[PDB]
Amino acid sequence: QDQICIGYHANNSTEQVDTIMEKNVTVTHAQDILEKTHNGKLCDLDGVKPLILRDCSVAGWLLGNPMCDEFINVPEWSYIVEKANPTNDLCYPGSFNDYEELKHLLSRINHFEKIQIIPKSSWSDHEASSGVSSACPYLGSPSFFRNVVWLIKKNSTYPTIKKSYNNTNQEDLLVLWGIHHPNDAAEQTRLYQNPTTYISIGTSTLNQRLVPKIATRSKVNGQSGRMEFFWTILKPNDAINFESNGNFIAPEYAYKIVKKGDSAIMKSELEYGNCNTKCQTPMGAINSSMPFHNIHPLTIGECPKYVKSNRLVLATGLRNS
């Protein structure tokens, strides 16, 4: 006699999924939606290569650390890679005011172009060619930060300086300068005759008056003296005004922000592989159609969503045996 039967599909698959009431349930079909693999390389981001400071920090880079001469002229970048602990930072001991706040600014910038706003040759009445230290040796000879100039007295006299710069450009200007804190009064006099010195700086919004802090401190890189660096963002048509009778580490090169936009600063020990990606993590790039991943939180580019899970599988097929 004839008959007819109702049933369902089975097959040869071992893909398991998990439910709320039952774990490791075997099914005919299943879909992984979790990307768990990277290339272990820092790649180009949409064709444009990131600026990777090697053992350089942002401070060392921008101030023109000699040991960072690899980056004297940096082209347009996608993101910025800094190591966790850059060996080359402030070769001469001291500080960088609102450093983190500047690093944050870098996240919205894709290209500086360095330009000489104050030529080293222009200091007729001072010494601009003796501003060196053994704390910043370049090729085994005492050197210093390139982007700024460490003025000292000339012919036993440090006259008051009234130097200014009008940003005639149509671009914003990152301008950097500094102050030298000596470790005794004798040194203060030795470098800049005037015992009681200062540096006044003014713009449209800026109105500050630094004075050096003579104090006894320990040796960092063989020096008990300190350098403290300050910065600002000069608007187009705005001008910056310096007046000082000593301890003034003057600007020389400044950076034109000629290309803004969504960028980032990565912390990574990895170096540049010769690749290209649409999604980059500090521990490797991703090429996947997967909607999720579990590689790293800090992600840049056209990327899947990060998730802490070790395993996420969605059930497409039915119950098998």
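In case it trips you up, residue 1 is the first one in the sequence shown, and so on.
A.B. asks: Which has higher Cα B-factors on average according to the PDB entry: 241-249 or 103-111?
C.D. replies: Higher mean C-alpha B-factor: 103-111.
A.B. asks: Decide which of the stretches 52-60 and 25-33 has the higher mean C-alpha B-factor, going by the entry.
C.D. replies: Mean CA B-factor is higher for 25-33.
A.B. asks: From 266, 275, 67, 254, can you pick the one with the highest C-alpha B factor in the entry?
C.D. replies: Going by the entry's C-alpha B-factors, 275 comes out highest.
A.B. asks: Within this chain's modelled residues, let me know which third the CA B factor of residue 222 belongs to: lowest, middle or highest.
C.D. replies: Its C-alpha B-factor belongs to the lowest third of this chain's values.
A.B. asks: Taking the C-alpha B-factors as the PDB entry records them, is residue 215 in the lowest, middle or highest third of its chain?
C.D. replies: Tercile = highest for this residue's CA B-factor.
A.B. asks: Could you tell me which third, lowest, middle or highest, the C-alpha B-factor of residue 125 occupies within its chain?
C.D. replies: Tercile = highest for this residue's CA B-factor.
A.B. asks: Going by the recorded CA B-factors, say which third of the chain residue 85 sits in, lowest, middle or highest.
C.D. replies: Top third by C-alpha B-factor.
A.B. asks: Based on the deposited C-alpha B factors for this chain, I'd like to know if residue 116 is in the lowest, middle or highest third.
C.D. replies: Middle third of the chain for residue 116's C-alpha B-factor.
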